[PDB]
Structure formats: C-alpha cells, structure tokens
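Asks: Test case, fold it:
(chains A, B, C, D, E, F, G and H)
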Amino acid sequence: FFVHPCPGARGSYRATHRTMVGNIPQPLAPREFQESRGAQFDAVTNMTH
Amino acid sequence: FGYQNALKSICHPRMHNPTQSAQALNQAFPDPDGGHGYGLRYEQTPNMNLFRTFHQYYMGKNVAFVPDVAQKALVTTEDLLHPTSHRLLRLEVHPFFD
Amino acid sequence: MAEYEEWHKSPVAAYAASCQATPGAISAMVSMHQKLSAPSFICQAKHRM
Amino acid sequence: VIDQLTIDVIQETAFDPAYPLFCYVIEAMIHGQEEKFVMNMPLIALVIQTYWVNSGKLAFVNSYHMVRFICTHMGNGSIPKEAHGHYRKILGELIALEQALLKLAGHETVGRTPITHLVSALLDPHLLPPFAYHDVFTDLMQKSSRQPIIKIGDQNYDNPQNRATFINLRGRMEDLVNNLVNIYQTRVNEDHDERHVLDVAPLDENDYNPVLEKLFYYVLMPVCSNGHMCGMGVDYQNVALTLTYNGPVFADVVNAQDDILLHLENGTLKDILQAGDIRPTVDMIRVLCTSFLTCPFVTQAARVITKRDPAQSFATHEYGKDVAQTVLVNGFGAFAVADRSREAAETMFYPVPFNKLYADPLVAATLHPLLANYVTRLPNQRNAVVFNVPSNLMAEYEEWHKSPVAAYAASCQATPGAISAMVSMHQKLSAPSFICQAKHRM
Amino acid sequence: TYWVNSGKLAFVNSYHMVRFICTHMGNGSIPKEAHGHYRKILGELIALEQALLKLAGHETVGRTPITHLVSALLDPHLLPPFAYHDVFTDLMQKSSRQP
Amino acid sequence: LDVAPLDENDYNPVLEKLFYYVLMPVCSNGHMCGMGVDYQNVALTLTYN
Amino acid sequence: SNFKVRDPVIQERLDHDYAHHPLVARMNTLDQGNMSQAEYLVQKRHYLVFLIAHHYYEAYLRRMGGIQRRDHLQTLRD
Amino acid sequence: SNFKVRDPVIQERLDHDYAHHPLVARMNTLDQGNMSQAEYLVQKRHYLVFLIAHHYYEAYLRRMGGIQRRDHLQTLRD
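Replies: Residues are numbered from 1 along each chain as shown, chains lettered A, B, ... in the order given. Let me share the structure:
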C-alpha cells in the first residue's frame, strides 16, 4: 500500500501487488527462512551443484 | 515371511492377463471418449528420407498432445493419491499392465 | 523510476546487501523469484513447497 | 573401477558448449570398422591429445565402436597417459557390469532358452542396441524361437534366405577393389526414397555381443549425461564435398607435413578446423578421403518387432502380444553442438529423435531453426518426457523403454550407485523372473 | 595479461561478454585454469534453468502455458535489465496484452 | 532508437535473466551501477591518437 | 528446403583454378545426357570426389606395402 | 559544465605537426558555413576521426579477404 495525495480534494489509500516471494518484507519473512527455502527447492527439483 | 512364501501365488498366470481387466473396466464405463490419441500405435510409410519424417511433422503445431503415461511420470508421490485427479488413476488397474 | 511500481521491491535488493556466498544462497535466489499467484500455489502444493 | 572422479569427466563432456565439430565428423566416417580405424589411428591421437591439453576433457564419449578402439587398440605413446586412465576405467569396469547379471541369473535352462534370456532384461539379445553399424538382424532369426518382423518401410523381412535382396553386405575395403565403380554407380542413377536398399557392413561373432554395446548405450549414456542426447542423421556426399574438394588435398608437390591451416580456402574447412584448433598434416585428411568409397549412402531408420517374452504372452490385442523397438542403421548419438560453427553444423548434420533415452530437445535445439522455434513457440517441450515424437517414428506405448525411464534419467546424480540402479532396473517384472530373486533375498 | 597480474578473471558484468567467451576460443590462448571459471557459470547456468521445469509442468491453461505464469523468470513480460537486440517487438508479437 | 535486429537462434530471455537477477546480486552483494557512455567522446581518443 | 541438407559454401570452379593435373580430364569423361547445364556441374563435382578417393587409396596400398628385402639388403652393402 | 563531458586533453594541430598524407586534404573539403573560426576546428577534428575509420576498414577487408588460389599456386612452382 501507500498514501495517495489528491491535491485539491480528500485523499485515500491505494494498492499494488507484491509480485514475487521476496517482496514480502524481511522482518516477517527473514533471510534465514528465505535461504531455507532454496535448500527445500534443491532436493526436490534436484539441480546439480 | 518373504516372497519365497508368496511366490506360489504371484507367479500364477491370473496375475498376468488383462482380458479380465478389460471386462470390469468396460462394464462400469460403457464408452469413455478416445481423446487426443498420440502414441497409441505405429504407423509405417514408404519414406526413407528422414526430412519427410521431420518437416511433415514439426511444420504445424497444435496445443501439444501429452499422453497418459508421460503425465504419470511427473506426478509426485501424493498428488496421484489426491482426489483432484481421475484420469491419472482410472487408467491404472494393476501395475504390471499400462 | 519509482519503486512503488517495479517487479522487485526493496527487500529483494535488501537481501542482496547482506548475502552469503554459499551455493545454497544461489539456490535461494532462483527460489525467491516466484509469482505468488493463486494458480501458482497448485504447482507447489504438488511438490510440497 | 569407475570412480566418482571419472563420472564427472563424462559430465564435464556431457555439457560441452565448445565440443569440436571436426572430430564429431570422423566418428561418422569409420562407422565401426577394424580396417578403417587403422586408417585414422594417427588422427584420434592428434585429436584427443589436442583436446586434453587445451582443456581437461576427453573426446569421443558417444559410441561404443569409437571407445573400444581407443581402449583395445593404441595403448601406447600417442596419447596423454591420464586420458587412457579414464578409458581403461571404461571397459574394465564395464566388463564387471555384466558379471553382476550372471550371479543372479540361474545356471539352468528350460528348453533351448536359458534363464539368462528371460530374467536379465538387459542380457536378452532382443534388446538390440539402438544404433548399429554391423548387421545384428540375422542374429535374431538364426537363433530365436521368436517370429521377428523387421519393418523397413513397406515390405517386411522374416526369412533369412532373402538376405541378398533387402540387406547388402559391404565387407573389407581390399576385397572391394573391383566393385568400387559398381557402388558409386548406385548413387547417381538411383533415388534414395522408396528404396529398401539397406547397406550395412557384415556381422562377426568375434566382434560383438549385445551386452557390452548394451550397457554402454542404455545405462551409461542417458545417466552420466542426465539424459541429454539425440539421434543424428548424416548425409555423406555432403561430407567429402567439404574434405576432398580442398585445394592442397587435390594438389601437387605440397608434402606430408605442411599443415592444412596454412593452406585453406574460404570454405567450411576454415570454420570447422578452427573450432578444435587441430593441426592435421596433409596426409591425415587425404587418408580420410580414401575412406569415402565403402561409406554407405543415407542414414536409414528401421524397426524391429518381436513378441513378448514368453513369461507374458498374455494380452488383450494381437498387437498387444507384440512390443517393438528401433535400430538406427548408419547413424549415431548426439551431443549438443557448439554455438561456434552452427552455420557449418546445419550444412552437415540433422537430428532425428527416436526414444526416451535419445530424444532430448535442447540437444536438438542446436541443429535446426524450425526446431529452434519449435521449442519457443510453446515452451512445454523442453522436458524429455513432454517431448513429442513424429508418429512415423516411435509410439511410446510399444517399446521396452517407457516413459518413466527417461523421467528417472533426467533427475539422477552422477553417483556410481546410480549406475548400479539402472542395471538393477532392467528386470522383467514377470512370473518366471520372480523365482530368481527369492533365491537371493531381493 | 590480467591472469598473470592477478588471481582473477575479467568481464563479469554482462551475459553477452561471458557467452562469447564460453563459445569462442576454447584453446590455451587464455590460461586453461581461467577457462574453467567461465564454464562454471554457463556450463551450469543451463542446469540452473533445468530445475525450474520440474516445478513448472506440462499443461497449458488456454493458449498460454503455465511456465509464463508461475516461474517468474521465464516470463517474457519480465525483461533483462539490458537489451542490445530488439526484445521489444519480440514482446509485442507474442503477447496478449496492451503492452 | 538504435538497436540491432533479432535472431531467435541467438538468445532467450530465460538464461539471460538468471545471469542478471541471480548470480549478479549475490556475488556483488548488491554493489553495481548502470553506465552511460558517449561514443564520439569514447571512440575519439583511440582515433586522434 | 524440406528434402535435403543446406549445402556447404565452398569456392566454385576448381578446374578453372587448377587444371594442370591428370585427373582433370577424367571429369570430362562423364556425359550430360538428361541433365541441364547448371545441374551438370553439380554431379560433375561429386564425380571428382570419387576420383580423389580412388587415387590416394591406390597410393596408400603402395605406402602400406611395407619395406621389402631384396631391394633393401642389396642397398645395405654400404 | 552541465551538458557535456569534460574534454580529454590531447595535443592540438595534428595537421601542422604532420601534413604529408593524402587524408589531410580531405579535411579541407568540409566547409565552415555558420560556424566560427575556433568552433570550425572542433568539428574539423571530428571529421578526421571519420576519415581514419573508413580508411583502415577498407584496408581491413583487403586483409581479411583470405589467400586466393590462382595468384598462389602459380607461385608454388618453385
């Protein structure tokens, strides 16, 4: 979200879309969760190293 | 209790013919549709040129046909046993035949 | 540009500013880019993600 | 004997963005002849050395006839010694790869058929190796109680008395010195479609078994390369058009070692010899010129049709009592060609998919532009399993090798235990199979 | 002259300079130890892509496959942050939008 | 706009993005910049030489 | 096309570029017959390919005949 | 400034320092028109840059034409 200025009237709140998983904010999806998803991604898809 | 006790029933021929299997699978579905028939049989031509086996096929292109067994061997160990899917499970009857 | 628009928000770049160098951290990044849709989630409740 | 070091060296060569196209051509030319390898026994010594020193990778992973000649012949001072140490590990472990099928197979027979034809789904001779250079077709009829069908095109082939009409046999080169004009006369005067002239160098019981060819094409190739292979069709008067029509090859005084990169012209000999940076001498391409005479004409597909293993002659249809495979006469397997010389690659080769073990689209994505926008017109077709085969070639519901074999083969590791899983995999699921495992706790 | 003067490779930043080196000059004009490091990227960046399509299956929704829609990086609506050949009419031809 | 024409053989937009969105922000730890070039200035000094 | 392979671009007219050679006149021995003018030179080029392989293989067997005795040991008197 | 890049300091007057060359007179072919005296020599310098690239690229294609046959094999009689 954000705060939308309507200059010359009253404003409101308008809304976008967090596209990818990473756009979820880092306090409530930390990096030590986010690196523990690629390891779950690893041994199911089975890429090579 | 190993397979050497169970060998005297598994080696029986009635574990191994589908004529009975096509009876009961017919007698509940009197006719299902034969859909996007792709790799059901071999076709022979008088061709020897392999471009004739190449340009005559790949020139035009439908929404691509995917057969039954090709989308059997990507479904993982639970999605088969989930009730979202019929057509991957109505056509599996006993695992020796396909 | 203006970063209430694009297809990466700041926690994507904020993850980059404090990464490791592990190959598991590489496999988190491919795992990060994923479109969060409702018809995404079928593709990952299939593979237990 | 195959260590984890040397599966990786295969996987190093399994993904080659700069594999030399030049040595790939020579593999088509000998096509598995003892007489024709001694022709080019200095050539592969020049290739493998200059491919092992410029980069830490080895040449000619592809076909059994090219590996075995590097292994058996030429174990002396023409190579880098570390390279042969991989090739020694190829055969000497692969000999033990067939020993493990022995001590599960029973010692006893039933009739004329022993159990090793039944339970060992590998060692069964009806698994013809998917490529072939010598005529294994008459081996099946002259032993088996099978009633085979060898479908080429229209007409079938069942009686071995007709082995002079459907199959030609071109033996040694010295024995073909008079009929050399006869062979070339059958090119220009004759169209190569609606043909049924099947040209194969003859068969020897000294030379081949199924199994050593079988374990090399069916297990190791689609597993150590994670399933990235294709079937290659090659046109042949195209080939020596690039080679023989050279200036100094045709020409005068210019001596034995006057290396041909100093004497090229603007044709494709530039754009191919620069891809490997080989310095061949003036002899060693003129030697390749003389190979051309007993070469065959066009890579011909075929189909081999036998009934099911008599465990399980029970079925629904007549055609349900029948499972068939292919054999490619005259061609061989394919690695992905480099982005360099792709303009010269398409002028020589063309891909033909067969089979789950050898229809892998991104390897085929190099060599044809309508294939290059066959993939990107709908992007589902990059899987080996989703890939669509022309129905003139193999339907997926009549073959031993089914869909989840390659689906397994595109997710494996390079682990030496994963090689053992495949040899464990090919096994009958049949009622007289199941006796030979309760006697071993399997 | 850089690999002797360093313990480092050159030309990191762009996909077009790495792809030209991973194809051309596979000889020992550059030192062979440096040759591997370019092949570490693109010789494995294919297998970087290969892991996506075990997730992204085979099905199409309409005339649009799933792989454009879930796997975020396949999406040609998304563009690389540089463009040297005309990616624009590539997007304009095959889309179903008002792009 | 001055951009060379397309070949479908040459590239894809899926191997190019795995370069610039995965391996680039990890190994740099998110420390790169985009560059402007002025060519008649740039190719000047190699010529007036 | 859709029935052959793309042809490899090599420089034309090897006979006009070099003719002082005995196998050049052996190309002239073949006849046109039913072929056109331009299509004659295509199959004339393939016949030259046949002439080279027969020529060098004949010199190859003289090369791989091995060193003999009576012409050798007589020369080894010095 | 605020609209261009800082200019690179290279020594002036290449024509006065060296003039015995055919491309020197090709700089004199361009006309002043609306430009001043000092600002003419700026754009006269850029036109010399254009003359060099066209000159060496023409010699480059002669260099990358490859060695031919008929002028070569005749010389290989000795």
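Asks: Neighbours of the closest residue to chain E within chain C, how many?
Replies: Scanning chain C for the residue nearest chain E gives residue C:33, at 4.0 Å (criterion: CB to the nearest CB). C-betas here are computed from N, CA, C, even on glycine. By the other CB atoms under 10 Å in any protein chain shown criterion, the neighbourhood of residue C:33 contains 24 residues.
Asks: Against residue E:83, how distant is it?
Replies: 19 Å (CB to CB, to the nearest Å).
Asks: ok, the residue of chain C closest to chain E touching residue A:20?
Replies: Yes. At 5.3 Å, residue C:33 counts as touching residue A:20 under the criterion of CB atoms under 8 Å.
Asks: what residues do those two have in common as contacts?
Replies: Common contacts of residue C:33 and residue A:20 (CB atoms under 8 Å, 6 or more residues apart in numbering or on different chains): residue E:72.
Asks: Would you mind naming what in chain G lies close to chain H?
Replies: Within chain G, the positions near chain H by CB under 8 Å from any CB of the partner chain are G:11, G:17-18.
Asks: In ChimeraX, how would I select just the buried ones from these?
Replies: Here is the ChimeraX selection string for the buried members of the residues of chain G next to chain H, based on 16 or more other CB atoms under 10 Å in any protein chain shown:
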select /G:18
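Asks: List the ones among the residues of chain G next to chain H that fall in helices.
Replies: Among those, DSSP state H puts residue G:17 in helices.
Asks: In contact with the closest residue to chain G within chain B, which residues are there?
Replies: For chain B, the residue closest to chain G is residue B:55, as judged by CB to the nearest CB, at 4.3 Å. Residue B:55 is in contact with D:370, G:2-3, counting by CB under 8 Å, 6+ apart.
Asks: at 7 Å instead, please
Replies: residue G:2 (CB atoms under 7 Å, 6 or more residues apart in numbering or on different chains).
Asks: Phi first, then psi, for it.
Replies: Here is the backbone geometry of residue B:55 (degrees, to the nearest 10): phi -80, psi -20.
Asks: How much space separates it from chain C?
Replies: Separation of residue B:55 from chain C (CB to the nearest CB, to the nearest Å): 35 Å.
Asks: And that residue, how close does it get to residue D:334?
Replies: Residue B:55 is 19 Å from residue D:334, where distance means CB to CB.
Asks: again, but for residue G:22
Replies: Taking CB to CB as the measure, residue G:22 falls 41 Å from residue D:334.
Asks: now residue A:14
Replies: From residue A:14 to residue D:334 the distance is 55 Å (CB to CB).
Asks: Then residue G:31?
Replies: From residue G:31 over to residue D:334 the distance is 40 Å, taken as CB to CB.
Asks: now do residue C:42
Replies: According to CB to CB, residue C:42 and residue D:334 sit 36 Å apart.
Asks: I'd assumed residue A:19 was in contact with the residue of chain C closest to chain E.
Replies: No. Look at residue C:33 against residue A:19 with CB atoms under 7 Å: they stay out of range, at 9.0 Å.
Asks: element containing the residue of chain A found nearest chain G?
Replies: Nearest to chain G in chain A, going by CB to the nearest CB, is residue A:48, at a distance of 34.9 Å. Under the criterion DSSP states H and E, no helix or strand holds residue A:48.
Asks: Contact partners for it?
Replies: Going by CB under 7 Å, 6+ apart, the list of residues near residue A:48 reads residue E:47.
Asks: how deep is residue C:43 tucked in, by neighbour count?
Replies: Residue C:43 has 21 nearby residues by other CB under 10 Å.
Asks: same check, this time on residue B:7
Replies: The number of residues packed near residue B:7 is 16, by other CB under 10 Å.
Asks: how about the nearest residue to it, chain neighbours excluded?
Replies: In this structure, residue B:7 finds its nearest non-sequential neighbour in residue D:438, 5.3 Å apart by CB to CB, 6 or more residues apart in numbering or on different chains.
Asks: Residue B:20: neighbour count?
Replies: Counted with other CB under 10 Å, residue B:20 comes out at 9.
Asks: How about residue C:16?
Replies: Neighbour count of residue C:16, defined by other CB under 10 Å: 20.
Asks: do residue B:68 as well
Replies: 19.
Asks: ok, now how distant is the closest residue to it other than its chain neighbours from residue B:73?
Replies: For residue B:68, ignoring the flanking residues on the chain, the nearest one in space by CB to CB, 6+ apart is residue B:91 at 5.6 Å. Distance, residue B:91 to residue B:73, using CB to CB: 14 Å.
Asks: do residue G:57 as well
Replies: Here the criterion is CB to CB. By it, residue G:57 lies 51 Å from residue B:73.
Asks: The two: who's more crowded?
Replies: Neighbour totals were compared for residue G:57 and residue B:73, and residue G:57 leads with 22 against 15 (other CB under 10 Å).
Asks: surely the more buried one meets residue D:292?
Replies: No. Using CB under 7 Å, residue G:57 is not in contact with residue D:292; the gap is 9.2 Å.
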